[PDB]
């Protein structure tokens, strides 16, 4: 069911069960925002390693009524007690990624739940109760796990053994296998709590009080007041033009939209399809282009409420021209430093350029 056609709606997701839930919403007269909310819940349950109400996301929505494109940003925030050096040790050295990625200092105030509500108020059409309940049943009754979740449990069994996940995912010490039933009693309860009380239970309530508790057990500084501080934001897209099409993508605090657009801009003039898709020339040119944009990413990208991202400069046609001088079939470029997009935009950066280890 990898490809599908439809006259009145379409859903595509990473899990067959979340695809069907989503389809059914549209089939019962729901809109795409109704379907999306139900999908996030279904995926929280069936693909629980990949997203859910303990994380954050960017939900891009083209409004069919107003013809306006908007983004519900539920990205997580650092607690009030995060510090700039909290991933450095006594000696000032970077804590290894597998330690710091399991620590309580790593946990951002989750946003997903507030994202789904914001999106629901604005465009929602079915009651949240109907959207949440199919996931309540998947949690409560359980389902047979797909191979990817199975492999995920096996590959991360060490991380999962040191937490309260031990019992559900590593029962009698062994990883659930492909086809085995996964039942999530405690997850179901939380979704019922949200079904009756809404996000108060999460951000100003018991679910949240429990989150702050487990975060301090694991070493971080998140308080209940971090949870009641949190609200999502709404962003306009970053827009670009490629090959006669307008492209809307995600602005800072994603690096995604700007650098996807920058890569496209840099490679456009090389007319890549003169080369076979599996050709030396294509792979080389893409590799050279990526080096330039990812260097720009490491130097210039962050939360634009705190730092200035030179969006105008990074996509300026003269800047693109300058960087394109470093992209050629003649050789491999060894000068893979960030460029100077500030030259083509008003202002200076308010930050240093700090090299980071590739340990992630």
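Numbering follows the first chain given and starts at 1.
Practice problem: Compare the mean C-alpha B-factor of 34-42 with that of 290-298 as given in the PDB entry, and name the stretch with the higher value. | Solution: Stretch with the greater average CA B-factor: 34-42.
Exercise. Could you check which stretch, 262-270 or 138-146, carries the larger mean CA temperature factor in the entry?
Key: Stretch with the higher mean C-alpha B-factor: 138-146.
Quiz item: Whose C-alpha has the highest temperature factor in the PDB entry: 283, 97, 245, 203?
Solution: Checking the PDB record, the top C-alpha B-factor among 283, 97, 245, 203 is at 203.
Quiz item: Looking at 174, 276, 151, 76, which has the highest CA B-factor as recorded?
Solution: Among 174, 276, 151, 76, the PDB entry lists the largest C-alpha B-factor for 174.
Practice problem: Classify residue 339 as lowest, middle or highest third according to the C-alpha B-factor given in the PDB entry, relative to its own chain. | Solution: It falls in the bottom third of the chain.
Exercise. Please place residue 65 in the lowest, middle or highest third of its chain by C-alpha B factor as given in the entry.
Key: As the PDB entry reports it, the C-alpha B-factor of residue 65 lands in the highest third of its chain.
Quiz item: When the modelled residues of the chain are sorted by Cα temperature factor, does residue 29 land in the lowest, middle or highest third?
Solution: Ranked within chain, residue 29 CA B lands in the highest tercile.
Practice problem: Taking the values exactly as deposited, rank residue 305 by C-alpha B-factor within its chain and report the matching third: lowest, middle or highest. | Solution: Its C-alpha B-factor belongs to the highest third of this chain's values.
Self-check item: B-factor third for the C-alpha atom of residue 256 within its chain
Solution: Lowest third, going by the recorded CA B-factors of the chain.
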